[PDB]
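Sequences listed follow chains E, A, H, D, G, C, F and B, in order. So the first sequence is numbered by PDB author numbering: it starts at 41 and just counts up by one. So the second sequence is numbered by PDB author numbering: it starts at 40 and just counts up by one. So the third sequence is numbered by PDB author numbering: it starts at 30 and just counts up by one. So the fourth sequence is numbered by PDB author numbering: it starts at 31 and just counts up by one. So the fifth sequence is numbered by PDB author numbering: it starts at 13 and just counts up by one. So the sixth sequence is numbered by PDB author numbering: it starts at 12 and just counts up by one. So the seventh sequence is numbered by PDB author numbering: it starts at 25 and just counts up by one. So the eighth sequence is numbered by PDB author numbering: it starts at 25 and just counts up by one. Quick reminder that beta carbons are idealized off the backbone N, C-alpha and C, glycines included. What follows is a set of notes on a single structure, which appears directly below.
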Amino acid sequence: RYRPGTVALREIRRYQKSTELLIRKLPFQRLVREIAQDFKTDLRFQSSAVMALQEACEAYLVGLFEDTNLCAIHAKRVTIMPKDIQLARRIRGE
Amino acid sequence: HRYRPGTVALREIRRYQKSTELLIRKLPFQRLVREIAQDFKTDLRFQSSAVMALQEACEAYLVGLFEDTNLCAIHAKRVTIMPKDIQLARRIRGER
Amino acid sequence: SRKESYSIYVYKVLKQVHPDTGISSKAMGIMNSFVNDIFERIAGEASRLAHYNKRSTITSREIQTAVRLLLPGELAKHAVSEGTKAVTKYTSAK
Amino acid sequence: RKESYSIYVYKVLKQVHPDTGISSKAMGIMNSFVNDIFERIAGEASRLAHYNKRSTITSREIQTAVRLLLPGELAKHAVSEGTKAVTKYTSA
Amino acid sequence: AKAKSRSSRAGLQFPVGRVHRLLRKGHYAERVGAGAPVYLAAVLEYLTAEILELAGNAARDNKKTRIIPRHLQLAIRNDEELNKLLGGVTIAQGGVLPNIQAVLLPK
Amino acid sequence: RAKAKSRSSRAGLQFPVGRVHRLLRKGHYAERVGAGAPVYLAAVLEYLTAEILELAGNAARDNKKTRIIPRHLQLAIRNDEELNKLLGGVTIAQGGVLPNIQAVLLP
Amino acid sequence: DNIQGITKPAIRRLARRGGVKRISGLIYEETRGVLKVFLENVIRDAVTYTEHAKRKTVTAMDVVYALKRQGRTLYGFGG
Amino acid sequence: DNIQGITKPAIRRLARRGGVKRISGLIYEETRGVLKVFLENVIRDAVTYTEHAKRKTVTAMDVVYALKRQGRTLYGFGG
DNA sequence: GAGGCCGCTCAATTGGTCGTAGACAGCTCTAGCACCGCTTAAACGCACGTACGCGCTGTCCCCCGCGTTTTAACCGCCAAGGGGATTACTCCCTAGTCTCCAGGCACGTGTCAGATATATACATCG
DNA sequence: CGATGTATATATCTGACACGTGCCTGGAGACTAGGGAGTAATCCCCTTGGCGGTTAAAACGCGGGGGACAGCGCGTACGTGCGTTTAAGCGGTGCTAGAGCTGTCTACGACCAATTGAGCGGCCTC
């Protein structure tokens with residue numbers, strides 16, 4: 041048995057090495073279509089527009105988790121918690 | 040007769056949040072402005088309103104930075120602001 | 030050497046909203062700088078909307094779209110109906 | 031027909047690394063970078079003229095926009111390349 | 013042949029003629045249509061009237077009769093839509109809103 | 012009639028001075044564009060392109076690769092402290108992130 | 025109800041790329057709401073650019089301009 | 025050595041306006057450095073606008089424009 | 001998957017004209033700089049007391065890791081028609097011009113809203 | 001229950017604001033020209049819908065020990081107050097550097113036209 045958190049370092053190294061998209065494409069596409077249905081019915085989406093959205097959203101979330109982790113280290117914790125996200129978003133002005 | 044620690048601090052907070060006056064002494068600030076500018080060009084001259092625009096901008100920047108610093112102090116379960124709270128705020132703000 | 034300002038028109042509006050009240054020249058200068066700021070924002074975005082469609086004129090569609098991209102929430106809804114009520118009066122008065 | 035900078039980026043690449051090729055995705059990133067920086071410089075060159083009541087944009091407007099936008103050492107070298115180009119051009 | 017202003021025909025206080033001139037000379041496009049300055053003037057007048065109505069009520073609450081920059085700062089920062097539109101802006105002599113974190117008050 | 016010789020070859024440039032001059036004259040930046048502006052702006056754009064491609068080629072060779080791909084452009088832009096200041100608000104598709112772990116997290 | 029398509033493992037991989045070692049179980053519901061608001065603003069702007077062009081298909085350039093409006097340029101898709 | 029004329033009492037009054045109840049003794053020397061960096065960047069831009077105009081006198085518009093390029097627009101001195 | 005080669009076309013070049021805006025010199029009057037004397041607001045220094053930050057131990061639960069099931073993402077191929085994109089036709093809208101007259105800009109006047117100094121009333125803190 | 005601080009009430013006055021005059025340059029009205037945009041028809045790209053299947057990934061239980069967090073002790077660093085002292089702030093005089101304006105004029109950039117080869121789309125191939 042690998043000790044708790046030993047595998048997490050390999051995971052971090054792997055995912056910082058690669059460049060692939062990490063969310064499943066189909067679920068994300070159906071989320072995008074469900075949102076847009078509130079603004080217009082019978083929209084159509086180019087195949088590349090959903091990819092551009094997925095790249096923008098994953099880059100946003102990764103940067104937010106960097107700020108969250110700095111806020112977690114400031115409180116002497118290791119575990120990130122919801123109050124770490126709300127602080128980072130509050131300083132960023134969102 | 041003596042007040043306990045922090046009551047006059049709260050009185051000052053309410054006073055200085057009520058007022059709109061500029062808080063740095065004018066004449067000391069004008070010299071610091073002139074000392075900085077002579078690294079870029081010699082024998083500069085300043086309009087009186089240019090120094091006042093600089094002073095308004097500097098005080099408006101510092102007050103907001105101390106607000107962001109105080110949220111980082113409370114997040115760590117403190118009431119005292121520390122230099123690392125300033126550095127954290129500057130880093131999340133993206134200026135460090 | 031004459032300098033143009035919005036001072037007269039801000040005063041005319043003030044007298045309609047509050048007939049008992051005056052405004053100091055510093056507050057008038059702030060309001061004068063506000064009008065020029067929001068003017069530059071809207072004209073900028075209208076010009077970008079014009080060039081994205083390879084069109085040459087700026088029309089009320091571009092102003093309406095820039096307003097709808099710029100102003101939040103209910104400001105957009107009421108600014109649009111004020112714009113169209115003004116245009117429809119101007120065209121019907123002939 | 032669509033205009034691009036692709037052949038000029040390729041020429042520069044052959045100047046810096048003769049043996050190395052470039053993929054189409056990187057070529058599109060480079061074309062976007064060039065398009066973005068042209069507009070960033072030309073916008074400040076446009077503002078500088080109107081503040082001074084001038085009706086023309088000239089080498090000084092481009093030079094001052096470059097000084098305003100680029101960080102320090104990039105700015106020093108970009109200006110030293112611009113002056114070299116404009117004097118080689120005019121004195122020819 | 014009696015001249016009558018375009019602002020009076022539109023029912024506006026802001027100058028449609030000046031806004032038209034200022035669009036034409038601003039290098040925004042090579043052509044500007046007849047309806048654009050009427051729309052932009054009506055929008056600018058709406059936003060001006062909202063700001064000044066709130067500033068005047070802030071002046072009345074302090075039992076003052078003249079608007080000063082403090083009242084504009086109070087008018088903007090207390091409205092959740094104007095504060096989002098004017099988020100990057102510093103107002104000279106404006107000061108701040110009174111606000112203390114509940115952790116800091118006496119127990 | 013003289014034999015034509017391009018203005019870019021007079022200036023000693025790869026980038027097209029003629030098209031940069033057209034884009035300045037056709038973009039509503041100002042009503043007049045002087046002759047030196049496009050030679051200056053072309054020399055600047057060529058310098059900025061070459062500085063990026065040099066570091067990207069180094070990053071490609073250090074992977075023992077022979078083609079530049081977006082990952083190498085991201086590594087170049089984020090490994091230079093001046094380029095990262097010019098391109099600090101930009102995301103590159105397929106670029107990923109710099110390998111970086113806070114030392115407190117490591118054993 | 026497609027927000028449940030963004031799974032716990034998927035959020036974990038994004039936290040891992042950001043360097044996070046340990047995650048509390050409450051993070052997933054908070055992250056879903058944050059992502060939903062971020063998508064809502066971009067889609068609203070892209071549909072506004074689509075409506076102004078009188079198109080019915082959302083083009084990738086509409087997303088590029090919507091992201092540019094928020095001040096976060098994306099390179100790779102043109103523009 | 026004029027930076028000492030931004031005195032400790034003025035730093036305290038500024039922290040009071042920002043709601044700070046208690047301040048550690050090291051804050052003042054850090055705050056002077058943060059202020060000096062902000063002044064340097066703004067003055068460098070203002071002087072660049074003064075140079076382009078061929079003026080020898082720095083003016084309020086040069087400062088307002090230096091602040092505008094930097095994202096911190098100021099109302100009440102110009103437009 | 002990127003590079004070598006072809007046909008070809010429309011964007012770039014060289015030449016002459018001409019209208020004007022910006023370079024040059026002379027003038028003037030504003031306001032920025034330098035110095036003097038005085039008051040006294042604010043800063044600086046020391047003393048001292050207690051509230052706050054910091055480190056320590058204990059505990060109990062809730063994330064990480066592993067094994068099996070099971071589900072719907074992915075690849076690949078087939079249908080078909082909605083829509084984006086292009087070309088051709090032509091009309092009505094905006095640019096440019098001249099005349100002329102009234103709206104908005106400096107300049108002067110003067111008075112009442114706000115700044116000030118004194119009094120005291122009551123709210124708060126210990 | 002005492003006393004300190006802030007709030008509110010009264011009298012005074014001085015200069016910022018609000019109103020009127022002169023006048024000039026900017027907006028308004030009537031007309032002409034031409035090219036930008038609206039309308040309509042066709043093509044055929046690529047988007048949406050469907051079917052099979054296999055094998056990657058998500059979901060559920062179990063185990064357990066690493067990590068959050070609560071209660072405690074303690075000692076030094078920051079706030080409050082009084083006295084000395086220093087230079088900030090005000091009114092004043094002098095003055096000359098340089099910002100802002102005027103008049104001249106000539107070097108520059110926009111514009112038209114005729115000529116041609118630099119760059120684009122496409123196919124082949126290692």
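What three-state label does DSSP hand residue i in the structure shown?
| i | result |
| --- | --- |
| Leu24 (chain C) | coil |
| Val82 (chain F) | strand |
| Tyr42 (chain A) | coil |
| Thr119 (chain A) | strand |
| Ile79 (chain G) | strand |
| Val44 (chain C) | strand |
| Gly51 (chain H) | strand |
| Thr59 (chain E) | coil |
| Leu117 (chain G) | coil |
| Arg84 (chain E) | strand |
| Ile112 (chain C) | coil |
| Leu98 (chain B) | strand |
| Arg132 (chain E) | coil |
| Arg84 (chain H) | coil |
| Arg54 (chain E) | helix |
Spatial neighbours of residue i within its chain, please: C-beta separation below 8 Å, excluding the five flanking residues on both sides.
| i | result |
| --- | --- |
| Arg36 (chain B) | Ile47 |
Does residue i get closer than 7 Å to chain B when you measure Cβ to Cβ?
| i | result |
| --- | --- |
| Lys116 (chain A) | no |
| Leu71 (chain A) | yes |
| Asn65 (chain H) | yes |
| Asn61 (chain D) | no |
Beta-carbon within less than 7 Å of residue i's beta-carbon, same chain only, minus the 5 sequence neighbours each way: which residues are those?
| i | result |
| --- | --- |
| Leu63 (chain F) | none |
| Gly103 (chain F) | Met85 and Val88 |
| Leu99 (chain D) | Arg70, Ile71 and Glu74 |
| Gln93 (chain D) | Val109 and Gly112 |
Looking at the unbroken alpha helix (DSSP H) that takes in residue i, where does it start and where does it end?
| i | result |
| --- | --- |
| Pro67 (chain A) | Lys65 to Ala76 |
| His80 (chain D) | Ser54 to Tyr81 |
| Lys118 (chain H) | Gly102 to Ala122 |
| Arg90 (chain D) | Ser89 to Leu99 |
| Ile37 (chain H) | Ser36 to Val46 |
| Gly57 (chain B) | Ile51 to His76 |
| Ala34 (chain B) | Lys32 to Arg41 |
| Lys14 (chain G) | Careful: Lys14 (chain G) lies outside any alpha helix (DSSP H) and carries neither H nor E. |
Only counting the same chain, and skipping five residues up and downstream in sequence, which positions put a Cβ closer than 6 Å to that of residue i?
| i | result |
| --- | --- |
| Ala112 (chain A) | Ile120 and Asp124 |
| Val64 (chain D) | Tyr35 |
| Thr55 (chain F) | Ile35 |
Please confirm if residue i has its CB atom under 7 Å from at least one CB of chain E.
| i | result |
| --- | --- |
| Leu127 (chain A) | yes |
| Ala84 (chain F) | yes |
| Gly29 (chain C) | no |
So, is the C-beta of residue i closer than 7 Å to a C-beta in chain D?
| i | result |
| --- | --- |
| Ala77 (chain B) | yes |
| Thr72 (chain B) | yes |
Using a Cβ-Cβ distance cut-off of 7 Å, determine whether residue i contacts chain G.
| i | result |
| --- | --- |
| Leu98 (chain B) | yes |
| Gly102 (chain B) | no |
Taking only beta-carbon positions, decide if residue i is within less than 7 Å of chain H.
| i | result |
| --- | --- |
| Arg82 (chain G) | no |
| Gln113 (chain G) | no |
Quick one: is residue i near chain A, going by C-beta distance under 7 Å?
| i | result |
| --- | --- |
| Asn26 (chain B) | yes |
| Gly43 (chain B) | yes |
Is the CB of residue i under 7 Å away from at least one CB in chain C?
| i | result |
| --- | --- |
| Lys92 (chain F) | no |
Do we get a CB-CB distance below 7 Å when we pair residue i with the residues of chain F?
| i | result |
| --- | --- |
| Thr60 (chain C) | no |
Kindly confirm or deny that the region 84 to 101 of chain C and the region 29 to 45 of chain F touch, where touching means at least three C-beta pairs closer than 8 Å. no
For the region 74 to 81 of chain C and the region 107 to 119 of chain D, state whether three or more C-beta atom pairs, one from each stretch, are separated by less than 8 Å. no
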